[PDB]
2 protein chains.
Amino acid sequence: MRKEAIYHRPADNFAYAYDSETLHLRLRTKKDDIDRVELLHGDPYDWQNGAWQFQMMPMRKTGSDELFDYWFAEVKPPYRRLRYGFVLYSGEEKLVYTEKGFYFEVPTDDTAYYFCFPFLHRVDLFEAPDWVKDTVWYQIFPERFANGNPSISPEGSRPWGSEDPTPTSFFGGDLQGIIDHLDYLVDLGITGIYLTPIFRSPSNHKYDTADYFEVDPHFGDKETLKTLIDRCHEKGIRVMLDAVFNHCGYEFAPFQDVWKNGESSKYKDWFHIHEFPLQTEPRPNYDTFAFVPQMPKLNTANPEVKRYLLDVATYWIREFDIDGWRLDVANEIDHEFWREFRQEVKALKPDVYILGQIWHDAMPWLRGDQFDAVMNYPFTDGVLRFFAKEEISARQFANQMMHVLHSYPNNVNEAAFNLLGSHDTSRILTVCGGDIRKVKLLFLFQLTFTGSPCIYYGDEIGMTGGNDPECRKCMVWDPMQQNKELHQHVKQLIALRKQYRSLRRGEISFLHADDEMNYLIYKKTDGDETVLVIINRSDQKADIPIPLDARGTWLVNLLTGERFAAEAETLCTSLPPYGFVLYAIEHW
Amino acid sequence: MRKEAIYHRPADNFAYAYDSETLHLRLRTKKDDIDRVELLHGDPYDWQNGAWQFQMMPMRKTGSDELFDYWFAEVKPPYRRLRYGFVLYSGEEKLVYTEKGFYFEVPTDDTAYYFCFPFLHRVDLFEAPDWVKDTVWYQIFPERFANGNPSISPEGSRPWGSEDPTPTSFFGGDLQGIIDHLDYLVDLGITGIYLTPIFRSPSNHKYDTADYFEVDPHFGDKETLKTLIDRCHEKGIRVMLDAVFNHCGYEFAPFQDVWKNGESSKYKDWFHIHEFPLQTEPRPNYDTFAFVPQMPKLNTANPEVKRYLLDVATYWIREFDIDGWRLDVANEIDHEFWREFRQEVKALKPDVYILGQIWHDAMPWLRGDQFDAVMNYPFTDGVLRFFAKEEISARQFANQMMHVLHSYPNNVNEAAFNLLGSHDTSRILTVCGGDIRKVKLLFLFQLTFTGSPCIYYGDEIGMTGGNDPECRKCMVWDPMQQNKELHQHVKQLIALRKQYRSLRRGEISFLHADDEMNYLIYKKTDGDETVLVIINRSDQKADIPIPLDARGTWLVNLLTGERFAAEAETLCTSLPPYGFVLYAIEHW
Ligand SMILES: OC[C@H]1O[C@H](O[C@H]2[C@H](O)[C@@H](O)[C@@H](O[C@H]3[C@H](O)[C@@H](O)[C@@H](O[C@H]4[C@H](O)[C@@H](O)[C@@H](O)O[C@@H]4CO)O[C@@H]3CO)O[C@@H]2CO)[C@H](O)[C@@H](O)[C@@H]1O
Ligand SMILES: OC[C@H]1O[C@H](O[C@H]2[C@H](O)[C@@H](O)[C@@H](O[C@H]3[C@H](O)[C@@H](O)[C@@H](O[C@H]4[C@H](O)[C@@H](O)[C@@H](O)O[C@@H]4CO)O[C@@H]3CO)O[C@@H]2CO)[C@H](O)[C@@H](O)[C@@H]1O
């Protein structure tokens with residue numbers, strides 16, 4: 001046993017309360033280094049005949065990545081207090097892993113050797129609005145969805161679909177267009193709409209805000225926003241807006257003042273100014289988003305900027321009943337502001353989804369005192385490298401999925417915002433080099449994956465394009481030009497997702513085929529329900545053996561409806577190039 | 001290289017801001033497995049070609065424990081944003097460690113492979129009141145320090161210091177007595193007093209609070225507490241009271257009501273009651289501290305309880321201007337409360353020391369939004385197992401120390417409460433089996449370690465006693481029963497600490513000696529000065545070789561003033577049993 005590979009520390013993904021009386025403990029060890037692991041646990045104050053009263057609970061291996069095995073165990077301390085450690089077995093060898101280090105036999109003359117989870121508290125629990133977990137989102141870039149109102153469209157707005165978007169072009173897309181097509185989305189199966197910035201800004205993306213309390217004229221007005229939202233509610237479709245609090249635009253009144261009045265400005269402390277007077281050349285003398293002079297960074301530590309953004313956050317909630325906030329560049333704003341943002345928001349409307357845009361490991365913002373979830377880009381990376389780019393093996397793809405998942409606690413993973421693309425990346429059909437077969441696979445895994453998936457407008461009907469701005473082409477409404485194959489495929493899966501809970505709340509695990517090269521086999525398990533998926537990731541037909549205890553096992557093909565049983569010789573599924581298949585497993 | 005022993009994750013002790021512009025990073029690896037490590041760092045948006053602009057920096061081994069080596073790197077990011085990785089070499093064999101796993105060559109087309117520290121925010125910076133860093137506390141158990149006023153001594157008080165303490169005995173200790181001896185403490189070098197519970201309670205230890213708003217009548221009145229706190233301040237001594245918020249006493253008004261009226265009582269929610277009415281036969285039917293009926297657990301989630309305790313919190317600060325709160329059993333209260341607690345305490349007085357009593361790994365309570373520090377018992381353990389009990393070798397001792405130190409951020413270690421014994425543990429002299437020489441060593445290592453040490457009343461004159469109630473004997477004021485040699489020792493060392501900023505705020509490292517069993521060599525360095533310490537932990541004299549490169553190196557014996565230069569002819573200290581010596585190292 002390699003001690004140096006064994007690790008556990010009382011927090012985040014390793015130790016957390018799942019509910020008011022249940023604790024989740026996770027242990028990490030070198031892959032296949034340990035035969036079995038058992039959690040040694042007991043209440044820190046229970047001592048009889050002058051000896052601590054602890055108990056042994058076997059831990060379950062939940063997954064493996066490139067280097068480790070991860071073990072799980074849920075416990076319900078008698079009086080909500082718990083001291084604990086781990087006993088590892090491998091051959092006649094035995095190791096006891098504690099906070100005090102490794103031992104070869106359970107020490108018992110003292111409870112200080114052990115890791116400790118002081119107490120379970122309802123208020124410190126992590127809790128995201130539960131509805132989000134059964135929602136399938138639709139990300140829309142207004143300027144490119146549908147010009148429902150040709151009168152407010154910006155001047156110069158080129159004919160719909162005329163040519164490719166430029167970082168500065170316009171096509172008159174607006175809030176009405178969204179309202180005008182809700183029928184298309186309801187049909188598709190969408191139950192949530194995430195809109196990129198829609199407030200006042202000179203650009204076509206609106207990330208350089210000029211007025212947070214004003215819907216941008218070229219989209220509509222407050223009256224129009226209410227109608228879209230209200231109308232969305234009736235069709236059972238939650239709405240979420242993008243909140244750009246990290247930075248303002250070159251035309252944000254408070255900034256224009258500093259720009260003109262210098263250090264005497266009443267707003268000079270609303271930004272990160274290094275010295276006056278403000279200057280743009282050679283380069284800004286103030287902080288900005290990246291190195292964009294048009295996007296000056298706001299000082300969320302300044303009490304007035306804080307009070308301002310909180311009000312902006314509660315205004316649209318209180319007055320328009322939005323269901324969520326997509327915090328743009330959320331990781332660049334202080335944890336303190338985020339802690340207040342959650343208090344203000346949740347007090348006003350508890351079930352509002354607070355989603356942070358963090359392009360990397362986000363454990364620090366996901367401890368229940370800040371964001372409910374964060375856009376899962378690591379997910380996108382992994383999924384695209386395997387299904388679209390075919391760069392990594394099935395085995396590896398399984399290790400990456402297992403890795404990222406075990407990086408956060410279960411209750412966090414259940415509310416994750418899984419996306420395959422957005423207005424910040426190339427189109428998936430394009431990443432797939434135009435191969436619709438590969439894409440269908442992307443949609444399959446995303447829709448069979450636990451969390452809160454989000455589809456980028458057009459993706460369902462095969463829209464193409466490279467990275468920004470090529471990915472922001474005008475939505476395709478002409479049927480003779482939109483892929484019907486994909487559309488029904490996505491409509492098909494969104495459906496199966498609703499019928500099978502295990503598909504949206506289930507635990508996931510990968511089965512190993514002798515050839516973990518192109519064959520990916522995994523299964524979701526809500527606990528009761530149990531779906532199995534098999535995907536042939538290769539351009540050639542394949543006979544994939546499907547491992548499963550044939551004793552009292554029945555499968556139900558979720559595509560055809562067909563059904564059948566399993567015997568001594570476990571059935572072998574045949575799939576065409578890039579074929580897949582979903583089976584519902586029943587144990588009788 | 002063993003990939004399984006290599007580890008880093010963008011948070012807590014591995015990645016944090018040291019100040020408004022500096023950022024600290026750690027990386028651990030299998031012991032002696034890597035030769036050198038370079039930090040690959042660069043701003044996330046700094047691009048030119050299709051390459052991300054980064055710089056390489058060397059990381060220095062800051063120490064190592066039983067299994068790993070720990071590397072360090074201090075970086076002041078140009079625009080306060082950072083993306084980074086690690087290049088590990090072993091005999092000039094590259095290996096790149098990133099958030100996306102390992103590679104042989106450095107990734108360069110995308111910054112998503114890299115760990116990330118989004119932004120350095122002054123407001124999220126961890127920050128404990130600076131004065132503590134130089135303070136040396138003296139914990140007093142009121143009922144046993146001095147009887148400066150007999151008239152208010154409980155009936156039954158036994159002749160001071162004549163009998164052994166019992167769980168229910170009293171000797172007449174009072175606040176007036178502490179006032180009568182402040183000179184003894186000023187003479188000692190003490191610059192801060194931590195008092196155990198002093199608010200109204202029936203027991204002698206006062207942990208079963210009857211009323212959080214009144215001083216126990218037997219200790220004195222608000223008038224006297226004023227006098228004490230003011231005279232301390234006059235002599236430059238901070239005062240820290242004990243906060244028992246986890247659980248109230250049996251005689252606590254709101255609890256007496258819940259007991260009388262039962263389920264009717266408007267205080268029913270104030271506690272953790274399972275079923276009405278209250279009882280205690282098999283075990284209490286309401287949560288308690290451990291299983292102590294007379295100590296019912298408070299419900300800090302209830303807004304009334306929370307308002308009450310917070311009022312108690314700020315009351316004493318406002319009315320008596322105490323300098324810190326020692327939060328009893330702090331770990332069993334929720335984090336949501338500790339966050340409010342800080343906001344309120346710190347709002348009222350930014351320089352109050354919020355010390356939480358947590359008997360284990362406290363990273364969760366030491367992130368900056370809660371406690372400024374915790375009572376470091378792991379330090380107490382490590383130190384006692386080496387100097388007192390002699391159950392571990394010096395290399396092992398160094399390991400544990402390096403372990404507990406690398407588990408926390410440097411600025412957190414800077415405000416650590418380092419105690420060697422308390423009212424809840426046995427007397428260090430008794431643990432040392434009566435060997436003053438060993439106690440001398442304990443104070444040495446303690447009074448030369450970075451942080452906020454704390455002496456327990458009587459340990460400076462060598463009092464004795466086993467664990468509670470034995471450690472609670474009356475203070476001994478007869479110099480005929482005090483151990484002067486020891487007293488002068490403590491005094492002597494508190495002076496050296498006051499003199500050398502390296503001793504109290506410097507960095508520590510352990511030099512590999514010849515006999516890695518009983519000879520301990522270590523030094524404290526805060527860039528500027530450097531003090532060297534050499535200990536001989538054995539019952540026989542020894543000629544220990546001092547490990548130093550003789551080139552413009554001068555040593556100044558910090559005990560005798562004796563001075564001399566480094567030459568391969570005088571780098572060997574000859575010590576007697578349990579002998580020790582300190583040197584100031586001058587680099588000329
Ligand atoms: O004027 C500049 C740009 O402004 C607008 O971009 C927006 C995005 O649309 C938002 O989604 C967001 O995105 C940022 C992101 O927050 C930031 O971390 C960074 O992301 C990196 C990522 O960390 C890195 O690992 C790698 O993947 O590259 C990413 C770059 O995309 O950058 C994103 C922006 O590219 O915030 C920005 C700023 O508001 C507008 O949409 C763009 O057209 C415009 O160029
Ligand atoms: O009647 C009960 C006792 O009440 C009083 O005890 C106090 C202590 O003086 C405080 O310092 C504190 O101590 C707790 C501590 O907070 C708690 O974590 C626990 O500590 C254990 C630790 O968990 C365990 O791993 C091991 O290391 O032992 C530690 C202590 O031995 O228990 C401590 C209590 O001993 O709070 C209690 C309760 O207010 C009173 O002083 C005692 O005389 C009395 O017995």
# chains A, B, ... in the order shown; residues from 1 in each chain; ligands from 1
call {"tool": "residues_around", "arguments": {"residues": "residue A:189", "least_positions_apart": "4", "cutoff": "12 Å", "atoms": "only C-alpha atoms", "output": "number ranges by chain"}}
result
A: 134-138, 182-185, 193, 235-237, 447, 454-455, 460, 487-498
call {"tool": "residues_around", "arguments": {"residues": "stretch 199-202 of chain A", "least_positions_apart": "3", "cutoff": "10 Å", "atoms": "only C-alpha atoms", "output": "list in words"}}
result
residues 168, 196, 205, 206, 207, 208, 209, 210, 211, 212, 213, 214, 215, 216, 217, 218, 219, 220, 221, 241, 242, 243, 244, 248, 249, 250, 251 and 252 of chain A
call {"tool": "write_last_selection", "arguments": {"atoms": "C-alpha atoms", "output": "CSV table (one decimal), in the first residue's frame"}}
result
chain,number,residue,atom,x,y,z
A,168,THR,CA,-19.5,44.6,-34.7
A,196,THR,CA,-26.9,36.6,-22.5
A,205,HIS,CA,-23.2,41.3,-27.3
A,206,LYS,CA,-23.9,43.9,-24.6
A,207,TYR,CA,-21.2,42.7,-22.2
A,208,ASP,CA,-20.1,46.3,-21.9
A,209,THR,CA,-23.1,47.6,-19.9
A,210,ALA,CA,-24.1,51.2,-20.0
A,211,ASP,CA,-27.2,51.0,-17.8
A,212,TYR,CA,-28.1,47.9,-15.7
A,213,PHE,CA,-31.6,49.1,-15.0
A,214,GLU,CA,-32.6,49.5,-18.6
A,215,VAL,CA,-33.5,46.8,-21.2
A,216,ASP,CA,-31.7,47.7,-24.4
A,217,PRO,CA,-34.0,49.6,-26.8
A,218,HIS,CA,-33.1,47.4,-29.8
A,219,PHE,CA,-34.5,44.4,-28.0
A,220,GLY,CA,-37.6,45.9,-26.4
A,221,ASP,CA,-38.6,47.6,-23.2
A,241,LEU,CA,-30.5,36.6,-17.2
A,242,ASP,CA,-26.8,37.3,-17.5
A,243,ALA,CA,-25.4,39.6,-14.8
A,244,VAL,CA,-22.2,41.5,-15.8
A,248,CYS,CA,-19.1,48.1,-16.8
A,249,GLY,CA,-18.9,49.7,-20.2
A,250,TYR,CA,-17.0,52.7,-21.5
A,251,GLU,CA,-20.5,54.4,-21.3
A,252,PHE,CA,-21.4,53.7,-17.7
call {"tool": "interface_residues", "arguments": {"of": "chain A", "to": "chain B", "cutoff": "7 Å", "atoms": "only C-alpha atoms", "output": "number ranges by chain"}}
result
A: 4-5, 30, 45, 67, 118-119, 121, 123-124, 290, 301, 331-332, 334-336
call {"tool": "atom_distance", "arguments": {"atom1": "atom CA of residue A:480", "atom2": "atom CA of residue A:462"}}
result
12.0 Å
call {"tool": "atom_distance", "arguments": {"atom1": "atom CA of residue A:380", "atom2": "atom CA of residue A:402"}}
result
13.9 Å
call {"tool": "select_by_dssp", "arguments": {"residues": "stretch 328-482 of chain B", "states": "strand (DSSP E)", "output": "count of residues only"}}
result
14
call {"tool": "atom_distance", "arguments": {"atom1": "atom CA of residue A:563", "atom2": "atom CA of residue A:549"}}
result
16.7 Å
call {"tool": "residues_around", "arguments": {"residues": "stretch 568-580 of chain A", "least_positions_apart": "6", "cutoff": "6 Å", "atoms": "only C-alpha atoms", "output": "list in words"}}
result
residues 534, 535, 536, 537, 538, 539, 540, 541, 542, 543, 544, 545 and 546 of chain A
call {"tool": "residues_around", "arguments": {"residues": "residue B:511", "least_positions_apart": "2", "cutoff": "12 Å", "atoms": "only C-alpha atoms", "output": "JSON, numbers by chain"}}
result
{"B": [62, 63, 64, 394, 395, 398, 399, 508, 509, 513, 514, 515, 516, 519, 520, 521, 522, 523, 524, 532, 533, 534, 535, 545, 546, 547, 548]}
call {"tool": "write_last_selection", "arguments": {"atoms": "C-alpha atoms", "output": "CSV table (one decimal), in the first residue's frame"}}
result
chain,number,residue,atom,x,y,z
B,62,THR,CA,10.3,24.8,2.6
B,63,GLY,CA,10.5,21.5,4.5
B,64,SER,CA,9.0,18.0,4.5
B,394,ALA,CA,13.8,14.5,16.4
B,395,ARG,CA,13.3,13.8,12.7
B,398,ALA,CA,10.4,17.9,12.8
B,399,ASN,CA,8.1,16.0,10.4
B,508,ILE,CA,11.3,27.8,10.6
B,509,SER,CA,13.3,24.9,9.2
B,513,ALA,CA,21.7,16.4,12.3
B,514,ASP,CA,24.1,13.6,12.8
B,515,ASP,CA,22.2,11.7,15.4
B,516,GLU,CA,18.6,12.0,14.1
B,519,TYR,CA,19.7,16.2,18.7
B,520,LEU,CA,17.4,18.9,17.4
B,521,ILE,CA,18.6,21.7,15.2
B,522,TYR,CA,16.3,24.4,13.7
B,523,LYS,CA,16.3,28.1,12.8
B,524,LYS,CA,13.9,30.9,12.5
B,532,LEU,CA,19.8,29.1,15.4
B,533,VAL,CA,18.7,26.7,18.1
B,534,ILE,CA,20.4,23.5,19.1
B,535,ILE,CA,18.9,21.1,21.6
B,545,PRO,CA,28.2,19.9,15.4
B,546,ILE,CA,26.5,23.1,14.2
B,547,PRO,CA,25.7,23.0,10.5
B,548,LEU,CA,26.8,26.2,8.9
call {"tool": "residues_around", "arguments": {"residues": "stretch 429-446 of chain B", "least_positions_apart": "2", "cutoff": "6 Å", "atoms": "only C-alpha atoms", "output": "short mmCIF file (atom, residue, chain, number, x, y, z; two decimals) with N, CA, C and O atoms, in the first residue's frame"}}
result
data_model
loop_
_atom_site.label_atom_id
_atom_site.label_comp_id
_atom_site.auth_asym_id
_atom_site.auth_seq_id
_atom_site.Cartn_x
_atom_site.Cartn_y
_atom_site.Cartn_z
N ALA B 388 8.67 16.17 26.27
CA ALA B 388 8.14 15.58 27.50
C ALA B 388 8.24 14.06 27.57
O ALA B 388 9.06 13.51 28.31
N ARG B 427 -0.52 18.90 33.75
CA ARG B 427 0.58 19.84 33.91
C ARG B 427 1.79 19.36 33.14
O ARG B 427 2.21 18.22 33.30
N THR B 448 10.02 30.36 20.94
CA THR B 448 10.87 30.67 19.78
C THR B 448 10.14 30.26 18.49
O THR B 448 10.69 30.32 17.39
N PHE B 449 8.88 29.86 18.66
CA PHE B 449 8.01 29.42 17.56
C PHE B 449 7.13 30.59 17.14
O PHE B 449 6.66 31.35 17.99
N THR B 464 2.35 21.31 39.61
CA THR B 464 2.13 19.92 39.21
C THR B 464 0.67 19.52 39.29
O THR B 464 -0.16 20.23 39.85
#
